Amino acid sequence: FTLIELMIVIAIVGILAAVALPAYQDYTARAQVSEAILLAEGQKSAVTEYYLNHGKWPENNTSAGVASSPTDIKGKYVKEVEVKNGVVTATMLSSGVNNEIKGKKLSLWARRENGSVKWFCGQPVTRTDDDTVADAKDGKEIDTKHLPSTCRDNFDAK
Amino acid sequence: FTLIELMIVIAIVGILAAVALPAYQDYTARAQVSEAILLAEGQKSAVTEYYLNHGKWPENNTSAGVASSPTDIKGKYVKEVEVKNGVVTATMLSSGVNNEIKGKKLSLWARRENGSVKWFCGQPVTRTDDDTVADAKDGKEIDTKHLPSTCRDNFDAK
Amino acid sequence: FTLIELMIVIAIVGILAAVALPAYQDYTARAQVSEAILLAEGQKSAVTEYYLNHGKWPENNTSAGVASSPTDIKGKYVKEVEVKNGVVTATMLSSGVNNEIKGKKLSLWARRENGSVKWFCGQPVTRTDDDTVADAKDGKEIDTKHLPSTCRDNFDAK
Amino acid sequence: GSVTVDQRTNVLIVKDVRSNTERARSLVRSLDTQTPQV
């Protein structure tokens, strides 16, 4: 006979949350990845200096002169950050993150410019030789959709 | 009869993006220019030394002792950086930038202080004599709105 | 009935700017002072040499062998730099600076180590005798909050 | 409360409580005193 204004408006806010759910869920993940990136950076300094001073990429965190323990460079969504031959990889925690990005990671690596180096940011990579890295293809890479426009670099970016 | 909470809140986030669009679009461009500036600088060193050691401004990159190729001093938003008689100009790429700043550029030039020099940063300029430059007026100049407060120098700044 | 997502998010960015306002305003001032300090230094050379070669502190800029005119040692935020009996004071311009630091200044002074001298950096000081200075107490000193950790020296620092 | 008035003949005048007058005098004289060493 009457009461449909309360019933529809409680059911439009319910469906509004369902529509606002995936937007907040990638905005959210995309936000938790933007930090793995900040934790990865700032460690470029150590790595850059080590390379320019010696001409060899730092083998591990201790070589680069950073928390000798990967797990000591963690965060809220970051379970750690390891330096492996100049390549700095950041791992996403398992608690406090999206759902399709946890335990997932990215890498920052550089290239000899000769007198200086240039840095790249993208999906996990392994270093082959002092001037070549390759996709750490394995299945734990953070999905392209979660990576900034500034971190879409490919293993062979120059 | 009911469902307007879902319809309005999906349409307020839509218009919120439209209002947040121009803010992120000049904050963004203003960010891509701040780098053309960083790429331009750090090349002041070469140019300064060349001038103080010889009393003549470096004619080109090679003279200044930098990547003999302008295109070798590029970046993400920077298509290059050329040294033309001590004046260092930075060009904005065509891909990865705002829209009203691509292919656009700025300049850094210096002036003899006698025993040292002082640097300026602003819209493109050409060098006339060893102590005088002019507006590289091209209509290719990066618009004042996109330039930092620290890079508003005029051709005749002293 | 609906549109509050656009209204709140435009009003959270508004209040975000208000919270980011004082942070950028002391980071900013603290940045403009860090230069008054760089302009003050590099003039230590002249002053040091003058003292070691003669055993008397340079009375003024000309004595120290620097731009005979204080106003000739100015900058963007620096209205000048004067050498007064070995003490080098830097004045903050009136245009282009914070608001509570303009027309304000700091001093660099040294002390005979016997065979060499040691430099100090802090709030304005006056030289009394060849080995003693004192607070140029007058009200135009740059506030402690704007001074680096490396420039917190007191008139009687040894 | 409290105030300061600037007269044309370069004299300051203060009304206030004695405690705010005292403060204002101590600062005016203290800054005057670095100005007498000519």
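Protein chains in written order, with the deposited numbering: chain Am, 1 to 158; chain An, 1 to 158; chain Ao, 1 to 158; chain Qg, 602 to 639. Here a beta-carbon is modelled for each residue, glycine too, at the ideal position from N, C-alpha and C.
So what's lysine 145/An in DSSP terms, helix, strand or just coil?
For this step, residue 145/An is matched to residue 145 along the second sequence. Correct three-state label for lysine 145/An: helix.
Using the Cβ count rule (16 or more neighbours within 10 Å means buried), how would you classify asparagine 60/An?
Within the second sequence, numbered from 1, the residue matching residue 60/An stands at position 60. With fewer than 16 other Cβ atoms inside 10 Å of its own Cβ, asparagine 60/An counts as exposed.
Using a beta-carbon distance below 8 Å, is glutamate 5/Ao in contact with chain B?
Judged by its chain identifiers, the structure shown contains no chain B, and its protein chains are Am, An, Ao and Qg.
Using a Cβ-Cβ distance cut-off of 8 Å, determine whether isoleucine 12/Ao contacts chain An.
Walking along the third sequence from the start, residue 12/Ao turns up at place 12. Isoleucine 12/Ao does not count as touching chain An.
On the DSSP letters alone, give me the boundaries of the beta strand (DSSP E) that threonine 91/An sits inside.
Mapped onto the second sequence, residue 91/An falls at position 91. First-last of the beta strand (DSSP E) with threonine 91/An: 87–92.
State buried or exposed for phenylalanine 155/Ao, treating a residue as buried only when at least 16 other CB atoms are found within 10 Å of its CB.
The count along the third sequence starts at 1 and reaches residue 155/Ao at position 155. Burial call: buried.
Where does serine 603/Qg sit, in a helix, a strand or coil, going by DSSP?
The residue labelled residue 603/Qg in the question sits at position 2 within the fourth sequence. DSSP places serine 603/Qg in the coil class of the three-state scheme, outside both helix and strand.
Quick check on DSSP: helix, strand or coil for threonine 610/Qg?
Here residue 610/Qg refers to the residue found at position 9 when the fourth sequence is read from its first residue. Coil at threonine 610/Qg, not helix or strand.
In this structure, does DSSP put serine 107/An in helix, strand or coil?
Here the question's residue 107/An lines up with position 107 in the second sequence. Strand, per DSSP.
Below 8 Å, can you find three or more Cβ-Cβ pairs linking the segment 94–108 of chain An to the segment 12–31 of chain An?
Short answer: they touch.
How would you write the range of the alpha helix (DSSP H) that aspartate 26/Ao sits in, first residue to last?
Numbered from its first residue, the third sequence carries residue 26/Ao at position 26. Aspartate 26/Ao -> alpha helix (DSSP H) spans 5–40.
Who does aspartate 129/Ao pair with in a DSSP beta bridge?
Taking the third sequence and counting its residues from 1, one reaches residue 129/Ao at position 129. Bridge partners of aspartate 129/Ao: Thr132/Ao.
Closest to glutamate 82/An by CA distance: which of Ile10/An, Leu39/An and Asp143/An is it?
Position 82 of the second sequence, counted from the start, is the residue given in the question as residue 82/An. Nearest of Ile10/An, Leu39/An and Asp143/An to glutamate 82/An, Cα basis: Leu39/An.
Answer yes or no: do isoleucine 10/Am and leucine 6/An have a C-beta to C-beta separation smaller than 8 Å?
As a working note, residue 10/Am is residue 10 in the first sequence. As a working note, residue 6/An is residue 6 in the second sequence. No.
Assign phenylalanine 120/An to one of two classes, buried (16 or more other C-beta atoms within 10 Å of its C-beta) or exposed (fewer than that).
Counting from 1 along the second sequence, the entry for residue 120/An is found at position 120. Classification of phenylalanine 120/An: buried, given that the 10 Å Cβ count is 16 or more.
From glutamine 123/An to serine 94/An, what does the alpha carbon distance come to, in whole angstroms?
Counting from 1 along the second sequence, the entry for residue 123/An is found at position 123. Counting from 1 along the second sequence, the entry for residue 94/An is found at position 94. Straight through space, the alpha carbons of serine 94/An and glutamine 123/An are spaced by roughly 18 Å.
Contacting residues, own chain, Cβ-Cβ under 8 Å from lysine 84/Am (five flanking each side not counted)
By one-based count along the first sequence, residue 84/Am stands at place 84. When the five nearest sequence neighbours on each side are left out, the beta carbons in the same chain lying within less than 8 Å of the beta carbon of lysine 84/Am are those of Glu59, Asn60, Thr126 and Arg127, in order along the chain.
Contact residues within the segment 125–146 of chain Ao, judged by C-beta distance below 7 Å to chain Qg
Those would be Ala136, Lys137, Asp138 and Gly139, in chain order.
Where does the unbroken alpha helix (DSSP H) through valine 47/An begin, and where does it stop?
Your numbering for residue 47/An matches position 47 in the second sequence. For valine 47/An, the enclosing alpha helix (DSSP H) has its first and last residue at 44–54.
At a CB-CB cut-off below 9 Å, which residues of chain An make contact with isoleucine 8/Am?
Position 8 of the first sequence, counted from the first residue, corresponds to residue 8/Am. The answer, in chain order, is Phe1, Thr2, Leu3, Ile4 and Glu5.
Could you check the C-alpha separation between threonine 48/Ao and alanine 17/Ao for me, to the nearest Å?
Mapped onto the third sequence, residue 48/Ao falls at position 48. Mapped onto the third sequence, residue 17/Ao falls at position 17. Cα to Cα, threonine 48/Ao sits roughly 46 Å from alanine 17/Ao.
Classify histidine 54/An: buried if its beta carbon has 16 or more other beta carbons within 10 angstroms, exposed otherwise.
Residue 54/An sits at position 54 when you count from the first residue of the second sequence. Exposed, since its Cβ has fewer than 16 Cβ neighbours within 10 Å.
Is there at least one Cβ from chain Ao nearer than 8 Å to residue 555/Qg's Cβ?
For residue 555/Qg there is no data in the structure shown, the boundaries of chain Qg being 602 and 639.
Taking the C-alpha atoms as reference points, what is the distance between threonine 605/Qg and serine 631/Qg?
What you label residue 605/Qg is simply residue 4 of the fourth sequence in a count that begins at 1. What you label residue 631/Qg is simply residue 30 of the fourth sequence in a count that begins at 1. Using only the alpha carbons, I get a separation of about 17 Å.
Express the C-alpha separation of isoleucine 4/Ao and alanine 23/An in angstroms, rounding to a whole number.
The count along the second sequence starts at 1 and reaches residue 23/An at position 23. The count along the third sequence starts at 1 and reaches residue 4/Ao at position 4. If I take the Cα positions, the gap works out to 20 Å.
CA nearest to the CA of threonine 144/Ao, picked from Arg111/Ao, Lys105/Ao, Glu113/Ao and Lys118/Ao:
On the third sequence, position 144 is the one that residue 144/Ao refers to. When the alpha-carbon of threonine 144/Ao is set against those of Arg111/Ao, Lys105/Ao, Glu113/Ao and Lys118/Ao, the nearest one is in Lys105/Ao.
In the DSSP assignment, what residue or residues form a beta bridge with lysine 84/Ao?
Position 84 of the third sequence, counted from the first residue, corresponds to residue 84/Ao. BP columns for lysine 84/Ao point to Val87/Ao.
Have a look at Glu41/An, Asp153/An and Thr62/An and flag the residue whose alpha-carbon is nearest the alpha-carbon of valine 88/An.
Residue mapping note: residue 88/An aligns to position 88 of the second sequence, counting from 1. Nearest option by C-alpha distance: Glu41/An.
Could you spell out the range, first to last residue, of the beta strand (DSSP E) harbouring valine 629/Qg?
What you label residue 629/Qg is simply residue 28 of the fourth sequence in a count that begins at 1. Where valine 629/Qg is concerned, there is no enclosing beta strand (DSSP E), although the alpha helix (DSSP H) it sits in stretches over 619–635.
Could you give the residue range of the alpha helix (DSSP H) that holds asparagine 61/Am?
Along the first sequence, one-based indexing puts residue 61/Am at 61. For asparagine 61/Am, the enclosing alpha helix (DSSP H) stretches over residues 61–64.
How many angstroms separate the CA atom of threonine 150/Ao from the CA atom of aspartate 131/An?
By 1-based counting over the third sequence, the position of residue 150/Ao is 150. By 1-based counting over the second sequence, the position of residue 131/An is 131. Their backbone Cα atoms lie some 37 Å apart in a straight line.
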